[PDB]
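Structure, as structure tokens:
Every chain is numbered from 1, with letters handed out A, B, ... down the list of sequences. Just so you know, these numbers use all the heavy atoms, side chains as well, and skip hydrogens, waters and symmetry mates. Counting starts at 1 for both ligands and their atoms, following the listed order.
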Amino acid sequence: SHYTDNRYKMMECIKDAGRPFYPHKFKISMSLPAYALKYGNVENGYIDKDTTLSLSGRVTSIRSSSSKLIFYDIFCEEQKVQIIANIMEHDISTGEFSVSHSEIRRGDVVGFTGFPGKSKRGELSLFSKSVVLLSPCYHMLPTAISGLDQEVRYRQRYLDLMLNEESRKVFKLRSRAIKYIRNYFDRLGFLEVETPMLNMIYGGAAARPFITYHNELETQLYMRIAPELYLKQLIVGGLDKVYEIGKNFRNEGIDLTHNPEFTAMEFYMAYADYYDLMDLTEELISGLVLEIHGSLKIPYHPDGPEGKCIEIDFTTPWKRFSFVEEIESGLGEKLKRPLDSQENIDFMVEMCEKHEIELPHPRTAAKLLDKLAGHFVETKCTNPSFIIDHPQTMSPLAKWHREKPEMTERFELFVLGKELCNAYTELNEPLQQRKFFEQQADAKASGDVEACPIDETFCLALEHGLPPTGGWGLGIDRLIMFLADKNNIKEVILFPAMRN
Amino acid sequence: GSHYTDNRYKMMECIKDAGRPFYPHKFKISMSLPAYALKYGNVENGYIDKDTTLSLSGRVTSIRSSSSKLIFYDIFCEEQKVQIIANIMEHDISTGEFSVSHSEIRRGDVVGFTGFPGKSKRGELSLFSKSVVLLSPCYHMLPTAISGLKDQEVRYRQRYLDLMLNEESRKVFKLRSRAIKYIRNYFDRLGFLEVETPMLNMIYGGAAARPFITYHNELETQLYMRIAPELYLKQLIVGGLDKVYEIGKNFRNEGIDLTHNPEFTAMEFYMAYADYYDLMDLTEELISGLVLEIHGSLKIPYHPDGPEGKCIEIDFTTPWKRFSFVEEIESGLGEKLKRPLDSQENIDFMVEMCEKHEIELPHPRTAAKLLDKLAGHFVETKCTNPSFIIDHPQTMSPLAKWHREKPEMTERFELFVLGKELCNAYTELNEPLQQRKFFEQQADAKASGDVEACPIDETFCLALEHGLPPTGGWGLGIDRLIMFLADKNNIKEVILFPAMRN
Ligand SMILES: C[C@H]1CCC[C@H](C[C@H]2Cc3cc(O)cc(O)c3C(=O)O2)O1
Ligand SMILES: C[C@H]1CCC[C@H](C[C@H]2Cc3cc(O)cc(O)c3C(=O)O2)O1
Ligand SMILES: N[C@@H](CCCC[NH3+])C(=O)O
Ligand SMILES: N[C@@H](CCCC[NH3+])C(=O)O
């Protein structure tokens, strides 16, 4: 607009007039919090002309009460400080009073020097002697996010962070929560590792990958969909307890709970099974909730702050729902065995139509089972609840159930119908594992884009002996959503993927 | 030529069909092997507590026998070895015949044992076992050490073998964890906030590197993997977060060698109201303190040619030498560069200089790439101890603020150690007019064939138009820092799964 062109013209006039133009360094006397923590309990009207302090922040308010007085609010590091600029106090060596202040606009980052104290009304203030424009804002900013549509908050995240305290709070909470989680596992003697995000062969999750290419090696590559296959090789290597926190990359759908890159944690624990992992998940998550909120019952608004509120209860232990048993309890009928037979496939198709459940493609036993548990089970998980004992056909890297035929020692954690955790007793028998890979390879051949190719390097690693192991993954972003009561993953990711 | 793996598959089939233990789901250990040694490592020779039954587990590193009645194992777990003494008179027959139980065990198997704690008469910390369980067999005949491998490339391609046999490799990755924690703590204590910015970018930028290209099908849009987080991190300072850092992977689609892996771990931080003078001071305090933490002093060994070859000492005592970019080139040439540095007269001059001193000519022959080539020849070669090369020309520093005293230069530094780049930092450019102009010049170089030059990023220019406060920013190559702390001359030693050819 004209505001931007005029600002560029102003800065040109300032550069040519020998006046301060983007100064390289401004030495602040102290932070704005610190200034408030030192002078916040002074008597009203107190000043100290024996002390000169330099302060800086972004201008949020300019009010010229008269020709001799200008009131500024600056803001920085979560603290507001008022500046009172009296013409009688102005340092004429920096320019005439009207000139110096004529160059300051709301939104500018600026520095003031002056004397500390509080005003007569009692508001913490600096009684400024000069003003330095450090970095002008070339755009007319709104007062609050109300003056922006609200997808600007996602596409220009600096504007959300500059005007909206609620958003700064979410990302501070995100860091506090990841700190808590690392500590939890560091205390247990885990070793944090990093495994490749560029893979020759992708695997470890049910997802379509991103495809790329390395020009000097002349080979196609994939971004990792999960670190699982590498992490387990470190247990073969004897590291005993490892974890990784980083990005996965999945090339599929974007919605309220899906962003193409998302932060995941995986850990592998030699000699655990999935029963140890349940106890561990409850201890980790209830403790973090308690740490963050001060109690285990926390509000959650699925439709935003003026919509209905749900109170999620994280009190332990959590409800277990057996995968197949609860589907058959919803159906009033038993699935057909073997679970992956054509008869069962047909029966599940028929039940999905009967219960108005969108059919998947292909109509693999695994995808159909997913649809039925999406309908009959994932809908009962308002409080954190474990969905346990997933069928083998949908769990190619999960070890078989020691007692239930066709099942595995797997669990998923759901909160308010949304997946948070996925874990199992790790499959460590190479023969079965190869066969489950081949069934995956054939499903990919039959239209399952989310099916992974065989990874011979992983089979060879299992042939060197994976000790009995429990492994586990957590979608960190979705965890932040519950901890910060957002219902859109875009709220808990700084620069989410936006359509252009 | 190796029936060992076939027979082991056959052995395990027999076991499965005979109803014998076959890959038990859960083996509950009484304690870890390190806890065991802590509890019992000081008992007398010949001590045995037959009132205490314990379950231990580890990988078998050794099987020896004196009779058909007495078998000696060594098991290893969590950095500790414990001897298992299996006497037939103690053998629990409900688990099977003694000879049958132990003929299923091979060196390399993950196995559990149950028995009585104590020490052999010769004084070895031992469990006197009553049973053995095969938890996870090893189908391959293992070497005793990484010396028994066919090639040492096996250590990178099958890193589980390296970790299994070689304490030295295990120590490297513990040192890597320890150093990263130290670094996080240093910045957490300064009030920094850790952030995560996108590794999928619609527009790559923030470094001189060639990107990987990809595609998101639902968005139907081409994407780049990030070469650096710098342009998103600076937006967060515009945002007012004041002090941010990010520790994560960068992806660069270029050459692989001793100091370059296509993905590597970098740290970037941005500090409102710092300049590069502040950043040099912080670099010195952070890096020297970390070095002291690991090594107990500031003078540490390095073997650029291996552990039996020559050993040099790297001196981290502060303050570190400063080399001025253009001056040090000119002292090594014996004459001055032409001004402006980016003029055709100076491009031509610099071509004459690379040919005279037999410096491999860059392509394309941009002023920046020519100047980089001279610096790498005349300046980086002097950086044995940690040293700052400072005040880089603007033509090679599109995101660095102009130098407050030296025309054509910027307020930038790179940290070199043993001639390898460890850090890159500058007073950040926050003036949108010039930033746009240097962006257009980068697109001009990218057009002449400079695969390192980045295209203009309009989202970032618009961010700077909202006011980036004076700021200092900084990047650290963490893999290369570990190379120096751990004394490795190959980046493959400090990355668990490095990129390997076919
Ligand atoms: C690592 C796993 C553990 C299971 C919960 C969670 C699932 C995961 C699925 C997923 C897929 C995808 O394409 C994009 C996403 O943001 C997510 C996510 O947040 O969560 O993460
Ligand atoms: C973030 C930066 C700051 C300067 C040091 C270091 C440079 C970086 C260059 C680089 C390029 C590349 O293609 C592969 C690599 O492993 C590296 C590396 O380790 O170091 O990291
Ligand atoms: N790879 C799994 C997480 C770990 C499952 C247990 N090994 C996922 O992406 O969902
Ligand atoms: N982006 C730089 C590091 C930060 C430079 C200061 N902004 C690099 O990758 O080398």
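Only the side chain of B/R252 comes within contact range of ligand 4, with a heavy atom under 4.0 Å; no backbone atom does. Contact annotation for B/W474 and ligand 4: only backbone heavy atoms (N, CA, C, O) come within less than 4.0 Å of the ligand.
Set against the non-hydrogen atoms of B/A266, the atoms of ligand 2 under 4.0 Å away are 1 (C). Every atom of ligand 1 is numbered from 1 in the order shown, and the set under 4.0 Å from a heavy atom of A/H258 is 10 (C), 11 (C), 12 (C), 14 (C), 15 (C), 16 (O). Less than 4.0 angstrom separates some heavy atom of A/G473 from each of these atoms of ligand 1: 3 (C). Interface of B/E254 with ligand 2, defined as ligand atoms under 4.0 Å from a residue heavy atom, comprises 11 (C), 12 (C), 13 (O). Residue-ligand proximity, A/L420 to ligand 1, at heavy-atom distances under 4.0 Å covers atoms 5 (C).
Among B/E268, B/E414, B/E428, B/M267, the residue whose heavy atom lies closest to atom 3 (C) of ligand 4 is B/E268. If you check each of A/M265, A/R478, A/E261, A/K247 against atom 9 (C) of ligand 1, the one with the closest non-hydrogen atom is A/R478. Which of B/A207, B/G206, B/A400 comes nearest to atom 1 (N) of ligand 4 through a heavy atom is settled by distance: it is B/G206.
Nearest protein heavy-atom contact of atom 8 (C) of ligand 4 is B/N424 ND2, 3.8 Å.
Under the 3.5 Å distance criterion, with hydrogens and angles disregarded, a donor-acceptor pair is assigned to the side chains of A/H390 and A/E412.
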